[PDB]
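Just so you know, the protein sequences line up as chains R, O, a, F, c and B, in that order.
Each residue of the first sequence is one higher than the one before, counting from 2 in PDB author numbering.
Each residue of the second sequence is one higher than the one before, counting from 17 in PDB author numbering.
Each residue of the third sequence is one higher than the one before, counting from 2 in PDB author numbering.
Each residue of the fourth sequence is one higher than the one before, counting from 16 in PDB author numbering.
Each residue of the fifth sequence is one higher than the one before, counting from 7 in PDB author numbering.
Each residue of the sixth sequence is one higher than the one before, counting from 21 in PDB author numbering.
For each residue, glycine too, the CB sits at the ideal point set by N, CA and C.
Read the structure below first, then the notes.
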Amino acid sequence: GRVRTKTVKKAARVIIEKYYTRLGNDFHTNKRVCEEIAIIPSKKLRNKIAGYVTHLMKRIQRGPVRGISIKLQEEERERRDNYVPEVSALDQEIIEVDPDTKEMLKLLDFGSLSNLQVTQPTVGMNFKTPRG
Amino acid sequence: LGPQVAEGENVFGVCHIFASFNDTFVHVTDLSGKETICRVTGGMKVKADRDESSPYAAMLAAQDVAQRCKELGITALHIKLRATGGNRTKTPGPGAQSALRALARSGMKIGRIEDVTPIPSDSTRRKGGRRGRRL
Amino acid sequence: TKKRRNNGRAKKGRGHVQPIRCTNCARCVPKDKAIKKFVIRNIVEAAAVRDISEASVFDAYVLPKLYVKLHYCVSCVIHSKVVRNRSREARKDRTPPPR
Amino acid sequence: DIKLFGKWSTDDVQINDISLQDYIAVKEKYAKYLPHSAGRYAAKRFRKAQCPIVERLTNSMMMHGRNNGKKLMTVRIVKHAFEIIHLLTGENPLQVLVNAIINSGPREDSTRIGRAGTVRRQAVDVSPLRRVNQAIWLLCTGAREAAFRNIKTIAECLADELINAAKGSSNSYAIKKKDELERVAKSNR
Amino acid sequence: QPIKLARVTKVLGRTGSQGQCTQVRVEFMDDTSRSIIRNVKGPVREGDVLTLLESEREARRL
Amino acid sequence: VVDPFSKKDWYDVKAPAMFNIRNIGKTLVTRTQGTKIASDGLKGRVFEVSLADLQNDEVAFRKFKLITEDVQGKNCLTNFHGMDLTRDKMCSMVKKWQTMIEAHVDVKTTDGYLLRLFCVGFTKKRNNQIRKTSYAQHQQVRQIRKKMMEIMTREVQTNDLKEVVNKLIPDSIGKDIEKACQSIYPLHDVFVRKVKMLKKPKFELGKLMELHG
RNA sequence: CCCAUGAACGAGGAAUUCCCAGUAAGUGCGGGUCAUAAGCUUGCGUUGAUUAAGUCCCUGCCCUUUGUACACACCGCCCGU
């Protein structure tokens, strides 16, 4: 089999997270840059590491992969994490409220509010799944 | 000799397929069951005990039965398959499936398919002991 | 030691349960202890459906089914691989296999 | 001037269908002016099947421990009496060429059953290549037994080899043995 | 006994007390395309073509 | 030595008037030789035939045992001998989380035919039921069985055999029982499972002929 | 080594060992032994490939659960005049 052992996997992962800038996709370039930036004490192992880093870039070019925490993808992800909509989803003009929760609100000293549209409760008491 | 009436229609007989685990029967008879057209088992086709209930013997018997029915006028059959029944096993033997498929595949037409194995409202003791059979 | 909390049977709150006979050996096994399967198969196997359907007099006949209730003693049910021995923790599981 | 060999040509032999080339396939580099392309046919499976039919027929006859694989024998045989019959015929061998073997071929074989029992064999088929080549191997055995302890020798059955080679009708002997076994196994269908 | 050209979709594997028969699954091309299964001897490549000379041979599974 | 099918005549057996299909099949019998009479070998043989082969618009799981009563014009005339259900139909109905109620009555018609009707019914699970098992209590079962027997007797003791089989063909008794016992415990699959005849009135040739149209 | 004086001269009791491509097998050649002492062994080439790209059936192994009265560990333990 062609299963890549922990040595080549770990080396390729650390290589791709540290110098993602220089590394690309074409095996010749990955091999060259891998020799340039990594002190690999074999040539066969160097080719194995370059091949796995090429595979990992084929992985990253089509989405994020959990093994690596590159600066660019994490920067984009955190940018997505400060996303805020123009209008808050809690700014509902009308909220549909059942009789029991409006009774609670009246007992909560919040009964003067007119946003809560008292709805018609469901007349069926079927809410548990059948047994069998 | 035979019914040559209404050639464009089907003539119906009934086959009683007794597919025991010992051997299999293919018994085509009159629709009322009183008059028997032809019976071939799995034992008169093969000279071996283990192949008596084999699918090969059942297929041979079914082909012979279909040939005799075709030559004797009958064109379609109602299947009434049955296992040993009684207090003994209720599962039809290996010959039922092959015999029925061979009857279908040998120029015959299948009518109504029924299972008529005996099922007691409750039975007597089986041939084993209270500890079963131990081989 | 006590392998099972129900002793491998379904007898609670009664003294005697009528026995049945294993479908293979005819062993006397209590009806609650016996392993019961309910096979609902086609009278015609899926391989032989096409021939009998083609040779059928009645279009859209829907072939009948074989309904069999099979009782097994523990020995025969183990040998026939219907049930298997399970780990001490997986023994307690009562959910039937998802199939 | 793309004519195959020195006496045939590929510009006219057409079937107007691109799916019946399982036996004669001359449209690319695989075409041989002389089947001695050397190489191996046992390094990995499906590479014996990717032999050209001609080379498989001419080589596969290598059996016993004395003529085992000596390609000089195969190439000398396929050159000899071939050089003669091409000029001495004048007409086309195409008729017999095709119409004995390449549809003498059987249409099923048999395989083992269950977990025990050597008294019958369940009928299966193959995609026609493996069945045809097993028939060809048994026909090589038959040509041997028609030479081995017999009168008609090796390197004079070029008519029979062309028969074994070309395309589509039925006259064989080992293949009718194969067809008897066909029926025996098919008695379980 | 029609010669039907079918495409291999999935190859199961070998069966026998020592291993002597090979299971494949084939889909028809022009017979109201559907999928069936059949056993077969000898080399049958990845996604090759089978000739169902008969439209009824079914192989028992296990 | 002797081929027995060269001396076997084929007769047609006819269905009574209530059935759409008149000819249900053909029957073999030896020629009348010596003491044996073909008209004596055909007076008690029973054809267990599906109802769908008798009425073009009825269910297939209802079998009727029709018995030949006399042969003339090389035609056998049959009569109702019994009714029953196919084994697969009966087995498909016995599910494992419901109560099965069985009832039976011995009752005579107005032409003297004595029929033992067996009816079967199964407790129905309500459409919004969460409880896994719908079991009728024993007194509910007793009430349902009493209603079953009352309805069967009410339908059979007053009508003659012709109208009894007319009711049996669409299983009107089963639907009547299902409608009646809805207030006790909803039943699901009510059928007159079986009809067997115990004694019959002395043969009347004119009765059988009027029975055939 | 030469005279060709003729040996079941054309796939082999029970039980069977080794082997999947430059396999096996046929051959010779060189070392170790040594007097160029091999019929052995260790290597080397030359000729050269029919069969299978599988399974757990036999023998045996391992990443699991399970049973045990074994722990000298199943070639165990052990019962019976």
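Item                                                                                                                                                                                        : Value
Give me the Cα-Cα distance between c:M35 and F:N31, rounded to the nearest whole angstrom.                                                                                                  : 20 Å
Along the stretch 50-64 of chain c, where does the CB come closer than 8 Å to a CB of chain a? Name the residues.                                                                           : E62 and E64
Exposed or buried, which one is B:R65 when buried takes at least 16 other CB atoms within 10 Å?                                                                                             : buried
Closest to O:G145 by C-alpha separation, out of a:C74, a:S76, a:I53 and a:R28, would be which residue?                                                                                      : a:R28
Any idea what DSSP makes of a:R89, helix, strand or coil?                                                                                                                                   : coil
Chain O partners of B:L48, CB-CB under 7 Å?                                                                                                                                                 : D46 and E51
Chain B beta carbons: is any one of them nearer than 8 Å to that of R:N127?                                                                                                                 : yes
From the DSSP secondary-structure annotation, give me the bridge partner or partners of F:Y48.                                                                                              : Answer by DSSP bridge pairing: none, since F:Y48 is not bridged.
Extract the residue ranges of the beta strand (DSSP E) inside the stretch 134-183 of chain F, only unbroken runs of 3 or more that lie entirely within it.                                  : 137-139
Specify whether the stretch 17-36 of chain F and the stretch 49-65 of chain a touch according to this definition: at least 3 beta carbon pairs, one from each stretch, less than 8 Å apart. : no
Please check if any C-beta of chain R sits within less than 8 Å of the C-beta of B:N186.                                                                                                    : no
On a CA-only basis, which of R:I40, R:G112 and R:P100 is nearest R:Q121? Give me that one, please.                                                                                          : R:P100
Excluding five sequence neighbours on each side, which residues of the same chain lie with their C-beta closer than 6 Å to the C-beta of F:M77?                                             : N83 and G84
Report the rounded CA-to-CA distance for R:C35 versus R:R23, giving the unit in angstroms.                                                                                                  : 10 Å
Can you check which of these residues, B:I193, B:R151 and B:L62, is closest to B:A123 by C-alpha distance?                                                                                  : B:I193
Can you list the residues of chain O that F:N203 reaches, using a CB-CB cut of under 9 Å?                                                                                                   : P71, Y72 and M75
Three-state secondary structure (DSSP) at B:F211?                                                                                                                                           : strand
Kindly indicate if chain F contains any beta-carbon less than 8 Å away from that of c:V17.                                                                                                  : no
Could you work out which residues of chain a lie near B:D108, taking near to mean beta carbons separated by less than 9 Å?                                                                  : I44, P65, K66, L67 and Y68
Quick one: which chain O residues come within Cβ less than 7 Å of B:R65?                                                                                                                    : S48 and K50
To the nearest angstrom, report how far apart R:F128 and B:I150 are at their CA atoms.                                                                                                      : 9 Å
Could you pull out every residue in the same chain whose Cβ sits closer than 6 Å to the Cβ of F:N114, ignoring the five residues on either side in sequence?                                : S184
Determine, for a:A35, whether the minimum Cβ-Cβ distance to residues of chain c falls below 8 Å.                                                                                            : no
Could you check what DSSP says for B:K195 in three-state terms: helix, strand or coil?                                                                                                      : helix
Please state whether the Cβ-Cβ distance between B:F142 and B:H101 is less than 8 Å.                                                                                                         : no
Taking Cβ-Cβ distances shorter than 9 Å, what residues in chain F pair up with c:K10?                                                                                                       : Going along chain F, no residue has its Cβ under 9 Å from c:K10, so there is no contact; the nearest lies around 12 Å.
Got a sec? Which residues, its chain only, sit under 6 Å from F:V111 by beta carbon, not counting five neighbours each side?                                                                : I178
Give me, in chain order, the residues of the same chain whose beta-carbon lies closer than 8 Å to that of O:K125; leave out the 5 immediate sequence neighbours on both sides.              : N26, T91, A92 and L93
Taking only the alpha-carbon atoms, compute the straight-line gap between B:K46 and B:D32 and give it to the nearest angstrom.                                                              : 5 Å
Count the other CB atoms, across all protein chains shown, that sit within 10 Å of the CB of B:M229; report buried if there are 16 or more and exposed otherwise.                           : exposed
May I ask which residues mark the beginning and end of the alpha helix (DSSP H) holding O:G127?                                                                                             : Per DSSP, O:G127 belongs to no alpha helix (DSSP H); it is in the beta strand (DSSP E), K125 to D131.
Helix, strand or coil for F:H101 per DSSP?                                                                                                                                                  : helix
Considering only C-alpha positions, which residue in the set O:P71, O:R84, O:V81 and O:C31 is nearest to O:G109?                                                                            : O:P71
Let me make sure I understand the geometry here. Which of B:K195, B:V210 and B:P190 has the alpha-carbon closest to that of B:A80?                                                          : B:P190
Does any residue of chain B bring its CB to less than 8 Å from the CB of R:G133?                                                                                                            : yes
Any beta-carbon of chain F closer than 8 Å to the one on c:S23?                                                                                                                             : yes
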